[PDB]
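Starting off, we have a lone chain in the form deposited in one PDB entry, written out as structure tokens.
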């Protein structure tokens, strides 16, 4: 009972944890299944991929190719349909027609065994014909058999008849496969399209108030949705919406002690008004939330709620479930840290005393918001909770509600970010904000779209309430334009935190990535109407970007991405492809200086011969350009951060 089969087929990829977790995909996504495939001896091998939908039904005949000469690594692109748990195997086989055609091309002109090789071809094409099921397809192959056997023509002319394209036609359709060896099935989990594709917008409802009631409510915040929908966003992510604690409530600018009307951080969940299942009374009631969810739905927006498995000291849990916390010998509970950060206003959950209780409550809490229309959750700081916990929770929820998307806010070491993705988290935050040079971007994106894409889906938020990167601080408005072009086109999921559009870039101090007067500790009213009137918002750019994404399926996927070399360190270029769609992007990473460069396009990667012209259209400007293997660009920051181009038919 051997491990290797008749024709070796080994290390079928994508693979997640040696096959005990599923590789990931979404409806309509293309990705490449691969395998090492070879045989003993010198004869030709073939391989093909077999996708099985959740019912056992196999997909189209999908043959593979050697991906680089002499490597014995084979690949083919396959595509997922209906959501569910799929499986895939690679089949390898002896390819006798390629083997024979290769030998007949040398032996027949050399006059070697011409009578034997031609009868070899007759007998074999007859065998190829026994499985071809069309009357015409059969009779075509069987005529070549007779032409191979016709002794009254020269051998060179008898062989020629087995290589006409009409024979390759019937043979590409129904190949003759010897010694068919299968790999063991590997699991694939296909999820709804939002799991991979979508633009996210984060805002605080409480900041969208009125002059006479400055603390916003769901009813006042619902009026902010049309602006957000108009920018072309699909998901609206809310910070925690529940009662905020008062004990150790932080004041403005992350000061330890609040004052009389300081609002405190929404992540300080819990007070005697309720916990994670309740609405913060200054926002309104549970019906105000439904109104919000409904108004959001009407505009085409999906609500994502923040799940922060933590408490403020006034959460009812603190006394209702003391065992969900770790108490020091004097009974105090150390405030949470994500060092060097200090979170004095909140308690971390301890998990080893009553793990069943936390699991049951977490899914109850989540099923509560699920009942009110929340189908997406931004999971706050998951890496400070056990990995097997999220694995169990995501399984429970998805077993009944497979459409529920979880997003992991895990800024941490590479191991944990990877593991959290592989145990269930549909999407992941990334290092995107700390990748700002051409080389950082190229490296990270080469990895995220490389092997990582079989378990991670990246969500490129260009800012968060916790991350005002120095690139944006020092670059001003042209910085905000470049990072949006970058995020919206390098990832099929990107996002911004409200105020990005207004280029809010004042840090708490220098060397800090915190916002001065951070929205986390204060209402942050914003004059959206003034900013729009005065053109001091890049909301026009954000909108056209999400428009380009919605008209171009190359931008709705992640794995098909290639960087093109340019002769300036500040100018990056790359293209993505989906079928006939080819988007091509050139960004100037200099926020401060005009750059000109030669972008030397890797023409075959766009599907073109080395010398062809390319009709492209700069979808930001609408202008059309004719490009070739080398193209002169000039990008003036402020005027034009980048060309975002589709190729034209």
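Numbering follows the first chain given and starts at 1.
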Self-check item: Residue stretch of maximal mean CA temperature factor, 364-372 vs 137-145
Solution: 137-145
Practice problem: Could you settle it for me: does 335-343 or 470-478 have the higher average Cα B factor in the PDB entry? | Solution: 335-343
Practice problem: Using the temperature factors in the entry, find which of 117, 532, 350, 541 has the highest value at its Cα atom. | Solution: 117
Self-check item: Residue, from 91, 504, 126, 513, that the PDB entry assigns the highest Cα B-factor
Solution: 126
Quiz prompt | residue 229 by Cα B-factor - lowest, middle or highest third of the modelled chain | solution = lowest
Self-check item: Modelled-residue ranking by C-alpha temperature factor, third containing residue 629
Solution: highest
Exercise. Would you check the entry's CA temperature factor for residue 43 and let me know if it's in the chain's lowest, middle or highest third?
Key: middle
Self-check item: Ranked against its chain, the third holding the CA B-factor of residue 354
Solution: middle
Quiz item: In terms of the chain's CA B-factor thirds, is residue 594 lowest, middle or highest?
Solution: middle
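Separately, the form deposited in another entry exists; it is not shown, and the next lines address it.
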Quiz item: Per best superposition fit, same rigid part for residue 469 and residue 217 between this form and the one not shown?
Solution: yes
